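First the proteins, then the strands, lettered A, B, ... as listed; each starts at 1.
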Protein chains: 2
Amino acid sequence: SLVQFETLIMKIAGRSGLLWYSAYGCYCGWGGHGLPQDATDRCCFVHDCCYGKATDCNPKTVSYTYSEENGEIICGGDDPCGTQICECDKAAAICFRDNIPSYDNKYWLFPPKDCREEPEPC
Amino acid sequence: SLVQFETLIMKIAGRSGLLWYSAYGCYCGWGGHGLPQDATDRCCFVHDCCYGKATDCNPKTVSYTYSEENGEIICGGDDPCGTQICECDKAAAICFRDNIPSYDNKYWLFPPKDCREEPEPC
């Protein structure tokens, strides 16, 4: 789930998804267009592309189970389509944590006006 | 799919979903937080609650078919979840279409931080 996605971003990145990335660059919100404005904007694109390989479940309502053990998150559950969305979730929060150092607010509330190119293949 | 949602909106509302609705209000982008601010934000509230009832396919990448039948857009697909999703998107473009008179640019690139409010049940 999205709820599950937000909680891994706080657990791992130590910042709110809502307040730090829901409207960051060309891909974190709506998406579908534009050129990745930076690293953090690229985390986002790589995130949609993975959700993209799931064709059997709703990436936003599907709920999964994860365990954390020796500071490592482990994806799981009775839904292989969920497990798969958790793994994608996991990687976007790590992706996020490590690109903070280059995070730029100039890309916060980025006008869609500037994100009209055609997206790059996944 | 997203690309088909976007075509619906242009075709039915007569505008760029990217440029009039991708960043509007508390729900047109990431969603899951706050209170619908107006007529238009709410179309995206329900749009979102619509996709949450589809558990078997990916709303963003499932591909459906649509037809023009005399003022009307008729939904189809290869399967039931694909058809299901067309209808969510068709209903959203129709709501967009019809609340055009109340559209307010003040909810355009709306800070998330004004959407901390907890959501109401779908």
Could you tell me if A/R42 sits above the aromatic ring of A/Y27, with its cationic atom closer than 6.0 Å to the ring centre and no more than 45 degrees from the axis? no
Are A/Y66 and A/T83 close enough that a side-chain donor and a side-chain acceptor fall under 3.5 Å? no
What part of B/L18 is in contact with chain A, defined as an atom under 4.5 angstrom from a non-hydrogen atom: side chain, backbone, both or neither? both
Is chain A contacted by the side chain of B/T61, its backbone, both, or neither, given a heavy-atom distance below 4.5 Å?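 Looking at B/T61, just its side chain touches chain A.
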When the ring planes of A/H47 and A/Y51 are compared, do they come out parallel, tilted or perpendicular, using 30° and 60° as the limits?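 Rings of A/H47 and A/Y51: tilted, 30 to 60°.
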Does the plane of the ring in A/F5 sit parallel, tilted or perpendicular to the ring in B/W30? Use 30° and 60° as the thresholds. parallel
Based on non-hydrogen pairs under 4.5 Å, which of [options] is most in contact with chain A?
options                    : value
B/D48, B/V62, B/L2         : B/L2
B/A23, B/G32, B/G52, B/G29 : B/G52
B/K60, B/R116, B/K53       : B/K60

Taking the ring of A/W108 and the ring of A/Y24, is the distance between their centroids below 6.0 Å? no
What about A/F96 and A/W20, are their ring centers closer than 6.0 Å? no
Chain B heavy atoms under 4.5 Å from A/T55: which part of the residue, side chain, backbone, both or neither? backbone
Looking at A/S16, A/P111, A/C57, which has the largest count of heavy-atom pairs under 4.5 Å with chain B?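 Most heavy-atom pairs under 4.5 Å with chain B: A/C57.
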